[PDB]
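Here's a solo chain for you in structure tokens, the form deposited in one PDB entry.
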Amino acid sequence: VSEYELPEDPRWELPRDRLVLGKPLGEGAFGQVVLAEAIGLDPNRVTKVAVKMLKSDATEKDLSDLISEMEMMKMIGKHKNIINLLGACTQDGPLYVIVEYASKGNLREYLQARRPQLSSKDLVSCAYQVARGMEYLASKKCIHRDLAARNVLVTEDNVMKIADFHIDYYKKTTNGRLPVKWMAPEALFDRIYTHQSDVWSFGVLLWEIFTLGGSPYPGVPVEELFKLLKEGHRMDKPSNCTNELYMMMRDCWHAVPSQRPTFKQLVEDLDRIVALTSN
């Protein structure tokens, strides 16, 4: 257990004949993600879905991580602004974790492909949506520890969906960026992770939206980032970004976590800003 078999869950189980596996989408946390077609998830209608499964070189550890991510997604519940669980194939074969398909890829890549196609209102709506998804995850006692535009997926209908539910400082991503650049000083220095440290990361994510997928602190090594933060240095105001939205970024980047806004306050402020912003 679960060497020969996984326990069932009829709430989420989908017969394997109702799932037609398609093209690979890319790697994700704990395995590989493929595009698929599923027949009646929630009856005779076909839905394009994403399927996460282990890589052929996975171990028992990788399997237990994939099961725990599936179990956590069952516990989190539905929200428009998160990648939702739709089903699972757990019996008689490889584990398939079936979730929502976001056709336009990650938010970083989505914003870069739209650099001079996105109005000021579109950019604020993108921020409102991420804040809404974060507020929901926070209420479900979920701490992201990795909120960045790369961890946000965009659907065909431009809906923002968050894709996350001794740690290395020098490790780089596929686009060659350091995750420490999204971390609050207290998470970075004291390994203290809270909803307030995720608020700091949201401020970095706001900067990524307003620079249309810009790279934080470019050319700044890990050790130099530590000194800049300790010195109270903050990233510059992205070009064309309003002072109000920069003040929001700066508020998210307050040194005292209790002084940063909550996700509930960010949602209310962003809701108001979206309605006032021109398209």
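We call the rigid core whatever largest set of C-alpha positions still superposes within 1.5 Å between the two forms. Sequential numbering from 1, following the sequence displayed.
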| property | result |
| --- | --- |
| At least a third of other PDB entries omit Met249 | no |
| Unmodelled in at least a third of other entries of this protein, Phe30 | yes |
| Extent of unmodelled deposited sequence, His166 relative to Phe165 | 4 to 9 |
| Sequence continuity check, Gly93 and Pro94 (deposited residues unmodelled) | none |
| Segment of higher mean CA temperature factor, 53-61 or 245-253 | 53-61 |
| Stretch with the higher entry mean CA B-factor, where the candidates are 100-108 and 140-148 | 140-148 |
| Member of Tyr128, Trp182, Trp207, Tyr170 with the greatest C-alpha B factor (per the PDB record) | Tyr170 |
| Relative C-alpha B-factor of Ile67, binned into the chain's lowest, middle or highest third | lowest |
| For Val267, the third of its chain into which the C-alpha B factor falls | lowest |
| Among modelled residues of the same chain, the CA temperature factor third for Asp198 | lowest |
| Relative C-alpha B-factor of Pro238, binned into the chain's lowest, middle or highest third | middle |
| Ranked C-alpha temperature factor of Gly133 among modelled chain residues, by third | lowest |
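Omitted from view is the form deposited in another entry, to which the following refers.
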property: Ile192 C-alpha shift between this form and the one not shown of 2 Å or more, rigid core reference; result: no
property: Post core alignment: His144 C-alpha displaced by 2 Å or more between this form and the one not shown; result: no
property: CA of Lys48, rigid core aligned, shift of 2 Å or more between this form and the one not shown; result: yes
property: Pair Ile192/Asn175, Cα separation in the other entry versus the displayed form, closer or farther by 3 angstroms or more; result: closer
property: Residue pair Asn175, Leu205 - Cα distance in the other entry, closer or farther (3 Å or more); result: farther
